[PDB]
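Just one chain follows, in the form deposited in one PDB entry, and it is written as structure tokens.
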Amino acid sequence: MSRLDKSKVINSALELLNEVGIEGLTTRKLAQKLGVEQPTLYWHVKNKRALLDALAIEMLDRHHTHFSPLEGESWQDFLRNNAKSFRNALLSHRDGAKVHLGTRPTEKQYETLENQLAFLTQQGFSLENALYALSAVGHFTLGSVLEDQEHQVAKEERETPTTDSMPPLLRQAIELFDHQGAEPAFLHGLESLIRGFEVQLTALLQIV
């Protein structure tokens, strides 16, 4: 209970998560890793679900640090930096995005939602459009990360066809994604969404 300080159980869980993925993670494997009996760990942590909720929240604490607008930030810059920040959280551990999936939102998060809307609307968005914008940026980001993370968890047993059986376009696509990874695609898409809203908001009174 130094061994079982909340912050040490959290760190152990994170390291386990990286070792075995969300699949493998069990309260049992945590008990062995910490070197304690299962009922001792059960006093602190009821089940796999309660443990994930804590992992989800921790990841967001450490890394999702741009969750509100900086003093006189434009809404475009805010949306962009908030999406990047949320993404750094999801990526910070193996299966980050699945861990995040289905965990309840905390009270401070609701409050943050509220401010995020106050801000956007004070920049001239209708409430409808503010919600559509935060929603789209979030889906896009979440979707980016599940795919990227599904890769190296499917990397183990399955494999791709060899690079040289491919039709020639697909073959240049491999070269290209080899060189850049996935960050540039994410950034490009983020930037297209934000541009598309910009054309949206410039609509204001009429047709586009």
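Residue indices: 1-based, along the sequence shown.
Missing here is the form deposited in another entry; even so, the following discussion is about that form.
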Open item on the list: Of the candidates 127, 65, 30, 165, which marks the hinge of the rigid-body movement between this form and the one not shown?
Closed with: 65
Open item on the list: Closer or farther: the C-alpha atoms of residue 131 and residue 103 in the other form, versus the form shown, with a change of 3 angstroms or more?
Closed with: closer
Open item on the list: Quick one: with a 3 Å or larger change, is the residue 182 to residue 160 CA distance smaller or larger in the other form? Answer closer or farther.
Closed with: farther
